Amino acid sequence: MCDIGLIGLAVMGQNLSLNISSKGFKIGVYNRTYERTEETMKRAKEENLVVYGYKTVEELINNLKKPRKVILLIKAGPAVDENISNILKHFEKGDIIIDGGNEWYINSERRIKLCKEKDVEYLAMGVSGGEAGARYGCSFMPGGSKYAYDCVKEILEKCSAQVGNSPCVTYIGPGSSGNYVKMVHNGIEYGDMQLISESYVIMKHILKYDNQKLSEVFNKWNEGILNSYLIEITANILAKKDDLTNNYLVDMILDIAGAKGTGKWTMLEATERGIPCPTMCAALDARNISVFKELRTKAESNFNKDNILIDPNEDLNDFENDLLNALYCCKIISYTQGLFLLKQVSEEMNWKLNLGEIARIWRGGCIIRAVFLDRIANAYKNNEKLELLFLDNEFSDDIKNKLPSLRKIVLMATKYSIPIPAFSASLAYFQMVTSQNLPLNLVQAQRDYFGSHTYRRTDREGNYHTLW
């Protein structure tokens, strides 16, 4: 009888099935369109692996060891609820459903209560790493039933990416906390990509770097503190030549960014809970503005973007190194926002999130993977209740040393009309959060003036209304 089952056999589910099989576990798979089941078994025997395929969910469930465990890798929608409903007709007390898709956390909360009515345990698990990580080692973010986690943790530990001896998996917490952490991972991923792209236009249009010089700089950055998956693939992307023309492939790609929800969800949560995530908004702003390609073209035909002619007396020596420090400084600031969001939500939901553990399993497998995440992990291992990431002693020193470079980059970009919303939003966020006194005193005065909303004073307690 099978150790675990998996429903949903796109390339993601196929690769995870091969991953589980290659680790010595016997796995049964199902997919309504049977050719995907056939493709999985074909790929398994081509790699000398064993994957059992069944034509129905009933036959798959019947071949599962007790306690029965099934992984769901189905595109988000009513097809997930239809499969859960069908599974609950054959599962019994103590069996486990594991949803591995990018889900909105409120949806998983509903499915947890529904399965619990039949005493079926539910694990809502975020997965990061794509098709490659699904096959060779990804980052698992399971949350929900701790009992469910314990029954499957050996599979997750062996199939996840390994950072030294440490598997990239942890018990996130109860309920839908696993979906929430994976959502925030993608939100942070949105920010890193927007910051990298802004570094790309800064060197292209201020330093006049061609695509070959750009790829070299990113590869040089990947050898240092900025070592990361996104910096690495960016260096590869910028050097890629087109095979339909004689241009660079990145110059032939239409600048309309897609998006599938997780970035928007992070933003909705930050707005609703009053948690400031300015770098998040900048990344979303860029993607949402890019959609209106025809309007942007007509708008530029009225507001012509003149070609950037650099002042010959412009001090641009060490500017490339200033940009390195600024981009690193912005990652500290951006991750501070994301980790602050996770901390406040954990406190509001009583999830008891372990931010050091979350940072640890983000060191490999996932998209934001970087040696940067090992520094974050160490910061929270030393202070589990750290309020803001850059208040850690080491990160604080990094900020104090690299912030002048950030100001220099924002200055030059502003002077030459280069849009850098994520860079400037990150600098603004740091300056406001480190300001004991902000101009919201005037805002409060205005609100009392036109709305009689009252205000508080600095020198005494109470709520005061003034006849201005």
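Residue numbers run from 1 along the displayed sequence.
Novice: Between 117 to 125 and 330 to 338, which has the larger average Cα B-factor in the PDB entry?
Specialist: Taking the mean B-factor of the alpha carbons in each, 117 to 125 is higher.
Novice: Check the entry's C-alpha temperature factors for 198 to 206 and 314 to 322, then say which stretch has the higher mean.
Specialist: Stretch with the greater average CA B-factor: 314 to 322.
Novice: I'd like to know which of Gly187, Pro174, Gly77, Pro276 has the highest C-alpha temperature factor in the PDB entry.
Specialist: Of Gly187, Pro174, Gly77, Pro276, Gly77 has the highest C-alpha B-factor.
Novice: Between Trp362, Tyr149, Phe91, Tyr180, which carries the biggest CA temperature factor in the record?
Specialist: The C-alpha B-factor peaks, among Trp362, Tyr149, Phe91, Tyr180, at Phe91.
Novice: Where does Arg460 sit by CA temperature factor within its chain: lowest, middle or highest third?
Specialist: It belongs to the middle third of the chain when residues are ordered by C-alpha B-factor.
Novice: Ranked by Cα temperature factor within the chain, is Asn102 in the lowest third, the middle third or the highest third?
Specialist: Answer is middle: the recorded C-alpha B-factor places it there.
Novice: Can you tell me which third, lowest, middle or highest, the CA B-factor of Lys240 falls into for its chain?
Specialist: Middle third.
Novice: Taking the chain's C-alpha temperature factors as the reference, tell me which third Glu269 falls into: lowest, middle or highest.
Specialist: Its C-alpha B-factor belongs to the lowest third of this chain's values.
Novice: By the record's CA B-factor, is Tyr34 among the lowest, middle or highest third of residues in the chain?
Specialist: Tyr34: CA B-factor falls in the highest third of its chain.
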